[PDB]
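Asks: Pasting in a structure now, in structure tokens, and then I'll have a few things to ask.
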Amino acid sequence: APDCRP
Amino acid sequence: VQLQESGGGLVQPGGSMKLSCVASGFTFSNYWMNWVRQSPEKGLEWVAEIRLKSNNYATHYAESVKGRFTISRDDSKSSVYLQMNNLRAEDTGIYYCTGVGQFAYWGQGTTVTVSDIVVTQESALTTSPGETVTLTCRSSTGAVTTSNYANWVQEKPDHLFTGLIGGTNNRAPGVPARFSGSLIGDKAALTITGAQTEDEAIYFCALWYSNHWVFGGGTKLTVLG
Ligand SMILES: *[C@H]1O[C@H](CO)[C@H](O)[C@H](O)[C@H]1NC(C)=O
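Just so you know, the protein sequences line up as chains H and B, in that order. This note's numbering puts the first residue of the first sequence at 1, with every later residue one more than the last. This note's numbering puts the first residue of the second sequence at 1001, with every later residue one more than the last.
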């Protein structure tokens, strides 16, 4: 739910 | 990757100030950006986030600054901004732009001088080179789980921050293999398998709670001999 993009 | 803040300085209580941060070395527009501030008394404190163009640039704010600060971004200039109105003494601190999975990258900070969930970490731990040491991070709400997206951030001498772990268990790029993050029991945990002298630092965890981050008070890790 936060910016879980690597 | 560089993030580089500017705009800090002296402001009178009730006054306004705009901070800027320019990003390079990563695809800025693909990542959310945050402002986090560090004070003498209140420690590390998350201020604001701004999401992507596909999220209609949605913003969220700490309760302490809601209604006084506005975060924004210009993807065309790879920059994020913090407009701050009605400043108070409690707003004094060093302000950092930071982001990526979720706090891999930190700028150098810009100082602003004006004039409830608790995350708990060990105050201090002492180790020696080659030992295995585990730092922990507890939430006042219950268990830490993957939904808290635990991050671990290292502070080295004089306010230099680098993210080590995000999303509970994911080493940021270029982070040494001796660092790992996990959940242990009902807490987030940072393990250093074979501590090294240069690992002497303050380590902060941050946990996500739906729409905001809460940082722990930090653990001072001393590495003796
Ligand atoms: C993690 O964040 C990324 C980028 O913001 C995606 O939004 C992804 O869907 C997220 N996962 C969850 C569970 O919301």
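No residue lacks a Cβ here, since even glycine has one placed at the ideal position from N, Cα and C.
1) For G1225(B), tell me which candidate among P1173(B), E1131(B), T1141(B) has the shortest Cα-Cα distance.
2) Within the continuous beta strand (DSSP E) that includes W1032(B), where are the two ends?
3) Tell me which residues share the same chain as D1199(B) and place their Cβ nearer than 7 Å to its Cβ, disregarding the 5 neighbours each side in the sequence.
4) Ligand 1 and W1208(B): does the residue's C-beta get closer than 8 Å to at least one heavy atom of that ligand?
5) So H1159(B) packs on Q1038(B), CB below 8 Å; how close in whole Å?
6) Between the beta-carbon of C1137(B) and the beta-carbon of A1124(B), is there less than 9 Å?
7) DSSP state of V1065(B), grouped into three classes?
8) Which residues mark the beginning and the end of the beta strand (DSSP E) in which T1113(B) is found?
9) Examine ligand 1 and report whether any of its heavy atoms sits within less than 8 Å of the Cβ of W1032(B).
10) If you measure from the CB of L1052(B), is any heavy atom of ligand 1 nearer than 8 Å?
11) Rounded to whole angstroms, what's the CA-CA distance from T1168(B) to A1206(B)? Just pull it up for me.
12) Which of the three DSSP states is assigned to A1104(B) in this structure?
13) What is the DSSP secondary structure of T1162(B), counted as helix, strand or coil?
Replies: Quick answer:
1) Looking at the Cα atoms, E1131(B) is the closest of the given residues.
2) Premise fails: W1032(B) is in no beta strand (DSSP E) and is neither H nor E.
3) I1192, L1221, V1223
4) no
5) So it is a contact: roughly 6 Å between Cβ atoms.
6) The beta carbons of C1137(B) and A1124(B) sit no closer together than 9 Å.
7) helix
8) Run containing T1113(B): 1110-1114, per the beta strand (DSSP E) assignment.
9) yes
10) yes
11) 10 Å
12) coil
13) strand
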